[PDB]
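# A structural walkthrough
Residues per chain are reported as follows:
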Number of protein chains: 2
Amino acid sequence: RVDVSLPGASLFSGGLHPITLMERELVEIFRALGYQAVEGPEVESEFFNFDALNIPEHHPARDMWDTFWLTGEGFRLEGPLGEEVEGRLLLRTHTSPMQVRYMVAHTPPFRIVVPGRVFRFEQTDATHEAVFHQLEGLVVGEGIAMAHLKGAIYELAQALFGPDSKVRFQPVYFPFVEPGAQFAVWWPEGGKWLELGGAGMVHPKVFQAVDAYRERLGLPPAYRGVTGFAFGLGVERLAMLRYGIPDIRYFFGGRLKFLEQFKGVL
Amino acid sequence: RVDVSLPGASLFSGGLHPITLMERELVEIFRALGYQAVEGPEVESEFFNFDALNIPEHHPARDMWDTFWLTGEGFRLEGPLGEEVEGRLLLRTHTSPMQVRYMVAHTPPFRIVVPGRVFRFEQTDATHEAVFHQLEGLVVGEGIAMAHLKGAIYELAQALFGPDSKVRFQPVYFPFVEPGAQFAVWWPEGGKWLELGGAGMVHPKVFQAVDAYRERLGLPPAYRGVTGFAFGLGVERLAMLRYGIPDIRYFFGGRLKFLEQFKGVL
Ligand SMILES: N[C@@H](Cc1ccc(O)cc1)C(=O)O
Ligand SMILES: N[C@@H](Cc1ccc(O)cc1)C(=O)O
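Structure determination for the deposited model, as stated in its record, used X-ray crystallography, and the stated resolution is 2.70 Å.

Taking the PDB entry as the reference, chain A is identified by name as Phenylalanyl-tRNA synthetase alpha chain belonging to Thermus thermophilus. Per the header of the deposited record, the title is "Crystal structure of Phenylalanyl-tRNA synthetase complexed with L-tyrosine". Regarding chain A, the relevant UniProt record gives this comment under Subunit: "Tetramer of two alpha and two beta subunits." The heading Sequence similarities in the UniProt record of chain A holds the text "Belongs to the class-II aminoacyl-tRNA synthetase family. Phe-tRNA synthetase alpha subunit type 1 subfamily."

Residue and element names in this part refer to chain A. As summarised here, the arrangement of the seven strands in space is β1-β4-β5-β9-β8-β7-β6, forming an open sheet in which the pairing is mixed. Lying at the two open borders of the sheet, with one neighbouring strand each, are β1 (36-37) and β6 (167-171). Pairing geometry for strand β5 (residues 131-141) and strand β9 (residues 227-234), over eight bridges, is antiparallel. Along β9, the bridge assignment pairs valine 139 with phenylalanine 229.

This part is about helix α4 (residues 146-161) of chain A. All names here are of chain A. Taking 1.5 Å of rise per residue, 16 residues should cover 22 Å, and α4 covers 22 Å from first to last C-alpha, within 8% of that figure. Of all the positions in α4, only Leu149, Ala152, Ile153, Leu156, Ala157, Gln158, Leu160 and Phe161 are classed as buried. In this fold, the buried residues of α4 make contact with α1 (18-31), β6, β7 (177-187), β8 (192-202), β9 and α6 (235-243). With its phi angle positive at about 90°, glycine 162 sits one or two positions after the end of α4.

Let's shift gears to the relation of the copies chain A and chain B. Rotating chain A by 180° and moving it 0.0 Å along the rotation axis overlays it on chain B with an RMSD of 0.0 Å. In short, the pair behaves as if placed about a two-fold rotation axis. For chain A, the residue whose C-alpha comes nearest the rotation axis is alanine 32 of chain A, separated from it by 2.3 Å. Most of the interface of chain A is mirrored in chain B: 100% of its interface residues are interface residues there too.

Calculation rules
- Residues numbered from 1 in each chain as written, not as in the entry; some residues may be left out.
- Chains lettered and ligands numbered in written order.
- Part of a larger assembly, values for the part shown.
- Heavy atoms only, no water.
- UniProt positions renumbered as here; feature names shortened; annotations may be inferred.
- Pairing = 2+ DSSP bridges.
- Helix = DSSP H or I, 4+ residues; strand = E, 2+ residues; numbered from the N terminus.
- Expected span 1.5 Å × (residues − 1).
- Buried < 20%, exposed > 50% of the residue type's maximum accessible area, 1.4 Å probe, protein only.
- Contact = heavy atoms within 4.5 Å.
- Least-squares fit on C-alpha atoms.

And the structure:
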């Protein structure tokens, strides 16, 4: 005879990080809409992070991003076509540069979503990080209109908060879009509007930067007669509201008591 | 000191069945197109397997499906709305009945894909099984046209065989569609056309059966002013060509030497 209620061999049981879970859900939501996920580098060139996105130097708009500037010789930053890119190095302040890289390397129409680690020089508190994640979206092609951007986010909301969810758009500014907009989604349970992210129609100067860099690389122009929309949303804020995580600082804390709590979560 | 090239603890390493892999790829291909996967029961009623799909008794068309008829009291077959359905029981000869179940239980527009185990009374050889799998597709909604069906399969092909892949449609008969069609996809490597599955525009009588069963259940009609397309494709045939599996019989053989060979495969 054997006691069957006796503990068995202590085989280890793994788990996924909250951010990996939230990012996966977001990526799934958009895959169902035809978006494909691709990634960019965490260490970027000012050209891709700012200049190519219509964000000058000593431009008031630069202030919307507190940047970590890097230094050191011997580092090789490869451009979209594997080339050796140059320019002052920094930690990307957002995933947006990736939409420039992708466009020089591909041709419309397409739908991409690019999750990624981003960095801002900031003070770490209960709802603020210097190291966090964003999910960028970019859909370009003949006839793409703001009505489609709104449709996308409407689908994001429904997919995230159920049939009783709603979306709200208000004009807001971004050097890389025009019209520009901020969007919030209605969260029926918490009974409140959550400011989710920014978006808009890709700015004319962005398409121009893309086709200039293409020509400078021998590629033919590809974004002359197309339009598109782009959006960007913070992951931690969403992960927090979705898992009831009180301190944004727990994500990079590494505390098992914390991480372990998400083994169930799919 | 320790020999580091010495074998480590023999922790077990799992794996997925070839069919699970192929089905997963197919389901992913279509999820990117907005289709959602749902399943039906393996033991069906003649009503759902045949009658509701415009396939009479002692109808020549019945012969396109060699059926396993079942017997035994005490079995409860639940309909789409959980009700107690009746009718001669059988093993579903295809996943098609599931498109009737789904429609009585939902409202257009929608996109579904239903993978599933099916049964045909047949002799088991190198390329034939009595027990195999199918993947059904069903997209219904205002304005849905055959041009969309073709677009779907075009996307299936591209997704499965690359940019140099092509699709081919030819008229063929199915009591549940009109127009009816068979489609083949060009496989650039094997340099040949693969007859993949059947499809067409959902037959008027199918929508009628759906709305009659709905009314008989108190639900209001929902498929009066819509159209849709449906397709069905065999999985084993595809899995075989895709993994280079020579004998369709290996799938249900249970031989580890065989199964083990697909641990890598994603
Ligand atoms: N990249 C911006 C957010 C954003 C992203 C895409 C847009 O189209 C607009 C705004 C940020 O770091 O806050
Ligand atoms: N159900 C059919 C194949 C098929 C499926 C869907 C269709 O719309 C047409 C044909 C079979 O068992 O072979």
